[PDB]
Every structure is written in structure tokens, then in C-alpha cells.
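In: Below you'll find the sequence and an experimental structure to go with it.
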Amino acid sequence: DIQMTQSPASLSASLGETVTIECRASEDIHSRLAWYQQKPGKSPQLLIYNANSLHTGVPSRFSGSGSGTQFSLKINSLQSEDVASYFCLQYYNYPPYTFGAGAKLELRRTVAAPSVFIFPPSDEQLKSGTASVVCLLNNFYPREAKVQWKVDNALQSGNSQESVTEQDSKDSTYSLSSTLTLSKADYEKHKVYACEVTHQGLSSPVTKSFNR
Amino acid sequence: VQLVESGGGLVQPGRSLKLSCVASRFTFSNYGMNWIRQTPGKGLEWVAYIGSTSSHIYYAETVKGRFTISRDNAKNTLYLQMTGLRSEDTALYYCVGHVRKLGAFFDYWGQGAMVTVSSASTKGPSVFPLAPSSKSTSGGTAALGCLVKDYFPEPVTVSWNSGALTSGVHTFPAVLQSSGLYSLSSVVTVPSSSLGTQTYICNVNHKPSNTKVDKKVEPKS
């Protein structure tokens, strides 16, 4: 039984620079390797066969290097769409097919200020007994961002949950959603609902609110 | 797609389930076909492989014969039937193809159909409109969305205008709330002039609960 070890698990690089993903084989495979790229929210696809030959539709930037025990994948001047997870594949041992652990390639882009939006709970959700107020950060970088809820100048905690999307395949930016979940009663107990966002792209914390 | 994978969404541990995969734009009769599953967290595992005339069938040692893979050339369908299911087996199943007289390495993968085994019962999602505030005059850009709440298990498919709207759309990863049910928000950014002139409808589908909702979002009065 053959073992496909891949390190490091997570990698990062700027836009335009090259990346080398290492793949090590337990049985010194005789140049019988395949490299696969998995885009976010998408099925993995073949990048390199025979461990040195490029696939028909993939761009020349991707390159295959190495042999025997050790292999490497080279990405040249990677674009925003290159954000992905890369795996190895052996076919030397036909009975058991094994993959690598997977390298998570992230990218480094310039600073992007998030566009803040605020969403009141629908009047059909008020018949449910629970109210959900949603805060939206659309296209920002880096991932580091502070989102705080403000009601009548009250810092809400333990009731809100954040969610960060995977890095976009076009501009390589992040998207965050801060969901505030309350009861219908307390939703109508207060007048003004506000969302404050502190981010690197902003010169000063941007707050957006509604009074219902 | 080329390989579409219609199969079960939720099942009970100890029960059985038959997954199907159909090929559309290629011949599918000279290509070796295999089933490969990935559990969320980016762990990829190959479970089965079958030959062109089902002469050679290979299974993983974790499976040990528990799964049975067959294929029909006339109907262009690949079948994987799982007799015994465990909690660890819950994963995303990929219908995978091989390469014509080049290698025994894979080339093409389907969308993937995820199976989730759990003693818990299925629960339908509730959709609530995320209406866009009036702002940004006319030169600015506004955003609108849909909120999916209280659904189990994963996954849910959310799209806009039946696939007509694919740009500027962000479907946030599902977050797990204290009630034990999933909840996520899907948003999209559109120009302010489009509002009141263009109709935006988000379609949400939950296969295990058989929930198909076409929900329309208009600005609040």
C-alpha cells in the first residue's frame, strides 16, 4: 500500500510570483504521477499528467518537475483565478489509488475596502417569532475585519454569527456576512439598529444603520 | 454538465443507498469510470474503479466489498450501491473518468453528489428576503439577497434568476447555529437603476427535504 505525502498543507504568495508545491512518494514511483487542481466550490480537475506533461486546456504557467520519490508543481505569475487546492495522484499501484494531503494556495492582493450593507428582518419572519438582521461586507482584503452590532448604543455579543466566503476567483477578495439573531419581542423592544465595520481598507470605522 | 450525479441526500446508518451518474456529451463506453469521495476539509479518498466492460472492478480496503459498482453503456449510467453505511462515510461523492490510451490517471470529474448519514430527521429550509435599502443615489450600487434558515442536512443549492444572474453573486458558507440546524445568506450586488425595473428571483433547492422554492426579492415599501 503506497503513501502519498504532501507538505506544507497551506501556502501563500503575491500576484505575479511563482509557487512550488512539493509531493513525496513512499515507493519511489517511476515518474507515474498526476497533479490535480481544485477550485473553490468546484470539482478537482487534471493539471499535469506523467508528472512533467501539461494537459490540453491548461495554461503554460503550470509546470511539472521532479521524478522518482520527489515531485514538484510550478505555478508562474499566478492570476486571481489560480486560488485552489492541489493534490497528487499515483497510478504505479493499480489496486489502491492514493491522493496527496492537499496544498491550500492562498494569494496576497492589495488592500480593498469593504462595502457595508444592512438588511432588516422580513415581515414574514416576524410571524415566525424570530428576527434576523444581516450585515454585509462584499469585496475586501485582507480577511481581518471587525464587525460589531450597535443597538441604542449597546454592544451585542453571543447572539451574532459571522461567515466568510472563500477567496473569489476573479479579484481574489473576501466577503463577510454578520448575522444577528434575536427574538421578535426584543426586535421590537428597540428603535435603531446599526452595524459598525473596522477594516484595514477604511481610514475610520464605517457604520450603517436603519430605524425601522 | 457532462457527468451529472443524481443520488440520495440523507440516509440512516446501517441502511443502503444507490448512487447514479450520467454521461452526456461523450461516448462513455470506452472510458474507465470510477467513484471518488471527498469529506469536507479537503481530504480526498478513492473508493472504487470499474472498466469499460466491467471486467475489472477495484474497491478500496476501507470498503472491503461493501459497495457494488456496475455500469450500463446503453443508458450511459454509472451505479454505486452502498450496502452498509457508517457516520464516517458521509461525504461528497465524485463521478470520475479515465484517460484514453495515455495513462490510468483521471481527467474529468462530475459536480459531485454528497451523501449524509444521520439518525436525525430531515428538515426543510425557510427563505426570507433580504431587501435592498434605498441609498447610493443612482450612480451607486446596491445589494439584495435571500436568507436560508433551519435546514438539515447539507447541502442547499442557491442560484439567481434560474442561472441568468451569475456575476457579483456571493453565497456564504453555511454556519451551524445552536439549534443544530444550518443557516446561510446569499447576496448579490446590482446597479441602483436596475431596481424596480429588473426582477430578481433566487431559487433555493434542498434535495434531501425535497424543497424547491422560487423566491422573488423586491425593495421594501
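Out: That came through, no problem. Numbers count the residues shown, from 1 in each chain, chains lettered A, B, ... in the order given.
In: Checking the residue lying farthest from the centre of chain B next. Helix, strand or coil?
Out: Distance from the C-alpha centroid of chain B, by C-alpha atoms, centre = their mean, peaks at residue B:137 (38.5 Å). Here residue B:137 is recorded as coil under DSSP: H, G, I helix; E, B strand; the rest coil.
In: my read: it touches residue B:193, true?
Out: No - counting by C-beta atoms under 8 Å, residue B:137 stays clear of residue B:193, with 10.2 Å between them. In this view, the C-beta of every residue, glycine as well, is placed from N, C-alpha and C.
In: where do the helices sit along chain A?
Out: Secondary structure of chain A, counting by DSSP state H: helices at A:184-189.
In: quick one, phi/psi of the residue nearest in space to the middle of it?
Out: Closest residue to the average C-alpha location of chain A: residue A:166 at 2.6 Å, with C-alpha atoms, centre = their mean. Reported as degrees, to the nearest 10, the phi and psi values for residue A:166 are phi -80, psi 160.
In: Return the residues in contact with the residue farthest from the centre of chain B.
Out: Residue B:137 sits next to residue B:192 when contact means C-beta atoms under 8 Å, 6 or more residues apart in numbering or on different chains.
In: just residue A:184 next, same as before
Out: Per C-beta under 8 Å, 6+ apart, neighbours of residue A:184: A:126, A:128-131.
In: What about those, which one has the most neighbours?
Out: residue A:131 (21 neighbours; other C-beta atoms under 10 Å in any protein chain shown).
In: I'd say it and residue A:182 touch.
Out: Yes - assessed by C-beta under 8 Å, residue A:131 is found in contact with residue A:182 at 5.0 Å.
In: follow-up on the earlier one: who's in contact with the residue nearest to the centre of chain A?
Out: A:40-41, A:83, B:173.
In: By neighbour count, which of these wins?
Out: residue A:83 (20 neighbours).
In: I figured that residue hits residue A:108, correct?
Out: No - if you go by C-beta under 8 Å, residue A:83 and residue A:108 don't touch, sitting 11.0 Å apart.
In: Map the structural domains onto the sequence of the chain.
Out: Assuming you mean chain A. A:4-108, A:116-210 (curated CATH domains).
In: ah, no, chain B please
Out: Split by curated CATH domains, chain B gives B:3-117, B:126-217.
In: Give me the most central residue, chain B.
Out: residue B:113 (5.3 Å).
In: Not counting sequence-adjacent ones, nearest residue to that one?
Out: residue B:5 (3.9 Å; C-beta to C-beta, 6 or more residues apart in numbering or on different chains).
In: Near the one you found, how many other residues are there?
Out: Residue B:5 has 22 nearby residues by other C-beta under 10 Å.
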